[PDB]
Amino acid sequence: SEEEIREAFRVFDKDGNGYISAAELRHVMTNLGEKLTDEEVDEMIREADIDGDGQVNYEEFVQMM
Ligand SMILES: [Ca+2]
Ligand SMILES: [Ca+2]
């Protein structure tokens with residue numbers, strides 16, 4: 001759906017600043033029960049990080065999904 005991707009981003013962007021950071025991504029994964037390192041989180045971000053800022057914006061997130 002389109003409204004589902006909008007809702008998902010809103011939930012992962014902990015501070016609501018418009019960007020999902022590595023810390024935020026690591027945080028949700030850890031709460032779900034994943035054991036991960038910052039290196040693992042970085043690889044995930046590299047798969048979505050188009051403009052190369054190290055974080056995931058809304059546009060990048062939707063592409064990712
Ligand atoms: Ca954020
Ligand atoms: Ca980015």
Side-chain angles (χ1 to χ4, degrees):
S1 184
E2 301 185 302
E3 60 185 54
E4 290 170 19
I5 284 175
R6 172 197 127 209
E7 297 149 23
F9 188 75
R10 180 72 175 161
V11 146
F12 285 82
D13 184 3
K14 201 60 181 154
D15 61 6
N17 84 329
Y19 295 100
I20 299 173
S21 66
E24 290 175 331
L25 187 54
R26 189 170 172 179
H27 177 69
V28 184
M29 302 283 80
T30 294
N31 273 26
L32 296 174
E34 279 283 78
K35 298 215 196 163
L36 25 53
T37 52
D38 291 337
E39 280 316 281
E40 177 156 0
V41 168
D42 293 355
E43 177 173 309
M44 284 172 58
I45 292 205
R46 280 200 305 282
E47 289 295 279
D49 197 19
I50 289 159
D51 66 2
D53 58 346
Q55 50 198 5
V56 181
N57 71 14
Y58 188 60
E59 311 268 76
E60 297 174 333
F61 185 71
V62 299
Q63 288 300 48
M64 193 189 337
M65 299 190 130

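In this chain, residues are counted from 1 in sequence order. In what follows, every heavy atom counts, from backbone to side chain, and hydrogens, waters and symmetry copies are set aside.
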> For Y19, which residues count as a ring pair (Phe, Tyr, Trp, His ring centres under 6.0 Å) partner, sequence neighbours excluded?
Replying inline: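 Residues passing ring pair (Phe, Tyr, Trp, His ring centres under 6.0 Å) with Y19: none at all.
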Among residues two or more places apart or on two chains, list those pairs meeting ring pair (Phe, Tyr, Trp, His ring centres under 6.0 Å) that have a residue in [range].
| range | result |
| --- | --- |
| residues 35-56 | none |
| residues 37-57 | none |
| residues 28-57 | none |

> For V11, which fellow cluster members are found when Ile, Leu, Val, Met, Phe, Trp and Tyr are connected by side-chain heavy-atom distances below 4.5 angstrom, either directly or through intermediates?
Replying inline: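 Answer for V11: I5, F9, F12, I20, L25, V28, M29, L32, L36, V41, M44, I45, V56, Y58, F61, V62, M64, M65.
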>> Give me each pair satisfying side chain to side chain donor-acceptor pair (under 3.5 Å) with a member in residues 3-17, each pair once, sequence neighbours excluded.
In response: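 Matches after skipping sequence neighbours: none remain.
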> Which residue pairs satisfy the side chain to side chain donor-acceptor pair (under 3.5 Å) criterion with at least one member in residues 24-45, sequence neighbours excluded?
Replying inline: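 Residue pairs passing side chain to side chain donor-acceptor pair (under 3.5 Å), neighbours aside: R26-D38.
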> How would you list all residue pairs meeting salt bridge (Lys or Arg N to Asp or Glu O under 4.0 Å) that involve residues 52-65, not counting sequence neighbours?
Replying inline: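 Found none.
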>> According to salt bridge (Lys or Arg N to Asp or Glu O under 4.0 Å), who are the partners of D51, at least two apart in sequence or on a separate chain?
In response: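 Once residues adjacent in sequence are excluded, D51 has no partner under the salt bridge (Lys or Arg N to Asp or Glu O under 4.0 Å) criterion.
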